[PDB]
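S.K.: Pasting in a structure now, in structure tokens, and then I'll have a few things to ask.
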Ligand SMILES: [Zn+2]
Ligand SMILES: [Zn+2]
Ligand SMILES: [Zn+2]
Ligand SMILES: [Zn+2]
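Chains as they are written, first to last, in PDB author numbering: chain B, 1 to 121; chain C, 3 to 121; chain A, 3 to 121; chain D, 0 to 121.
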């Protein structure tokens, strides 16, 4: 009781994906996270006709973090169109690190890793 | 039939949750969606400046979280509660999610997206 | 004066080095700096879409690499060599480095930044 | 030994390029310099914007130079701050570098040379 339920994150990222705006890649992504108060926040990717103005699902999740009063990320699970875990892109790694620190857990294809190991400095 | 005052009040309230430690320039934004619901966003900076998210980026994220639709009016405010013009990046996002008819409060009054980003 | 044919050829020429494997939509841009020198840029996309650099972003980098200055005229082209409008984000970059009196070729003719990004 | 990366050359080149840096919003100027797989030296400076999130990192500028001069693959990169000390690429830039140099790209870091495989595990 109190351990991260990666399954809850997975299923929440999957459901969030329903709303993905990715008509340029046709590659919908969902993400879900636990904040340090135990609440669940989600994001989706949002693409633009100009490719460099697209927002990663994780970006939207960071926006949801602050919309709902802030805090710190503790656990994050990004999913593709099949529900499989996705590795965050380097940009999202930096956003994740800033709002999670080195101890943030990320679900990856090779299991749970920390931001300490995904973004060494 | 936009209650522009409800938008400014909403954007000011949203603004409390702003993450701008680097600039100390917090921003909030509120918008109406074509079904009438009110969404808001706040800016979220990053130690790497080019990673920062405008408040309108957040509102767009919130647009989709809450099931999509088209933006119909938007109001961005500064730490004093005064209208802010969206930057060029944010103009392209709003064009994309509201089209040319979307209305935006500006320092000099209401302007459509057609006027703010001519094509 | 400004020679617009020289920029459109220089842009097209530059477009050859485009890195656009994701959109298959290569872009070139050419512009004059206030000291008469000609600079170009191409788009460079990325597996993570939102990390793509626009042609105009590349040119802006070329501007500073080559010693600074203000942009005076700019011509962006698509794969056919036709004038392309800068995206809203690039308008904000152009404005920062050319100001309101910077001229851009558009499908409809020369327009200034002041027109294309009202403040 | 002949053909090893000369990190001195990269560091001096990055200090030099840093003089054209446009950083009025942070007052944190950055220069970067790279060897391409044909041996040519490229550079980049950061370019800030009134909208913070439209800022270009030094590594972005260098990537644009890579293509402007004919493409190729990055082989070694040295980023510098205002004191000429080694600087770590932010996350977005590690993603650009990865895409144009792959896992075996060498980056100089405060703790010595590291590869992109080490800096951005996949
Ligand atoms: Zn990402
Ligand atoms: Zn903006
Ligand atoms: Zn652009
Ligand atoms: Zn960077």
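Idealized CB from N, CA, C, for every residue including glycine.
(1) Shortest alpha-carbon distance to residue 71/D belongs to which of 115/D, 116/D, 61/D?
(2) Going by DSSP, what residue range makes up the beta strand (DSSP E) through residue 104/D?
(3) Please classify residue 39/B: is it buried, with 16 or more other beta-carbons within 10 angstroms of its beta-carbon, or exposed?
(4) Name the chain A residues whose beta carbon is nearer than 7 Å to that of residue 14/D?
(5) Compute the minimum distance between the beta carbon of residue 92/C and the heavy atoms of ligand 2, and state whether it is under 6 Å.
(6) Quick one: is the Cβ of residue 56/D within less than 6 Å of any heavy atom of ligand 4?
(7) Flag residue 58/D as yes if its beta-carbon sits less than 7 Å from any beta-carbon of chain A, otherwise no.
(8) By alpha-carbon positions, which one of 112/D, 57/D, 1/D ends up nearest to residue 75/D?
(9) Check this for me: beta carbons of residue 31/C and residue 13/C, under 7 Å apart or not?
(10) When you compare the CB of residue 17/D with every CB in chain A, is at least one pair closer than 7 Å?
(11) For residue 79/B and residue 55/B, what's the separation of their Cα atoms in angstroms?
(12) Exposed or buried, residue 48/D, counting other C-beta atoms within 10 Å across all chains shown (16 or more means buried)?
(13) So residue 115/B and residue 102/B are supposed to be a Cβ contact under 8 Å. How far apart are they, rounded?
(14) Could you compute how far the alpha carbon of residue 93/D sits from the alpha carbon of residue 6/D?
(15) Do the CB positions of residue 46/A and residue 97/D come within less than 7 Å of each other?
(16) Locate the alpha helix (DSSP H) running through residue 18/C, then write down its first and last residues.
(17) Would you report the Cα separation of residue 41/C and residue 17/D, rounded to the nearest angstrom?
(18) Exposed or buried, what is residue 15/D when buried is set at 16 or more other beta-carbons lying within 10 Å of its beta-carbon?
(19) Using only the heavy atoms of ligand 2, determine whether one of them is closer than 6 Å to the beta carbon of residue 63/D.
(20) Just to confirm the assignment, what range does the alpha helix (DSSP H) spanning residue 65/D have?
(21) Using beta-carbon positions only, say whether residue 119/C and residue 90/A come within less than 7 Å of one another.
(22) Any chance the CB of residue 50/D is under 6 Å from a heavy atom of ligand 2?
(23) Can you tell which of 117/A, 37/A, 27/A has its C-alpha closest to the C-alpha of residue 4/A?
(24) Please list the partners that residue 78/C has in chain D, where partner means a Cβ-to-Cβ separation under 7 Å.
M.R.: Quick look at the numbers:
(1) 61/D
(2) Neither: residue 104/D is in no beta strand (DSSP E) and is coded neither H nor E.
(3) Exposed, by the Cβ-count rule.
(4) By Cβ distance, chain A contributes nothing, its closest Cβ being about 15 Å from residue 14/D, past 7 Å.
(5) yes
(6) The answer is yes for residue 56/D.
(7) no
(8) 112/D
(9) yes
(10) no
(11) So the two alpha carbons sit approximately 15 Å from each other.
(12) buried
(13) 5 Å
(14) Near 19 Å, if we compare the C-alpha coordinates of residue 6/D and residue 93/D.
(15) Cβ distance not < 7 Å, so residue 46/A and residue 97/D don't count as in contact.
(16) It is not in any alpha helix (DSSP H) - residue 18/C carries neither H nor E in the DSSP assignment.
(17) 42 Å
(18) exposed
(19) no
(20) 57 to 67
(21) Cβ distance < 7 Å, so residue 119/C and residue 90/A count as in contact.
(22) True, at least one ligand heavy atom lies under 6 Å from that Cβ.
(23) 37/A
(24) Those do not exist, as residue 78/C stays about 12 Å from chain D at its closest Cβ, beyond 7 Å.
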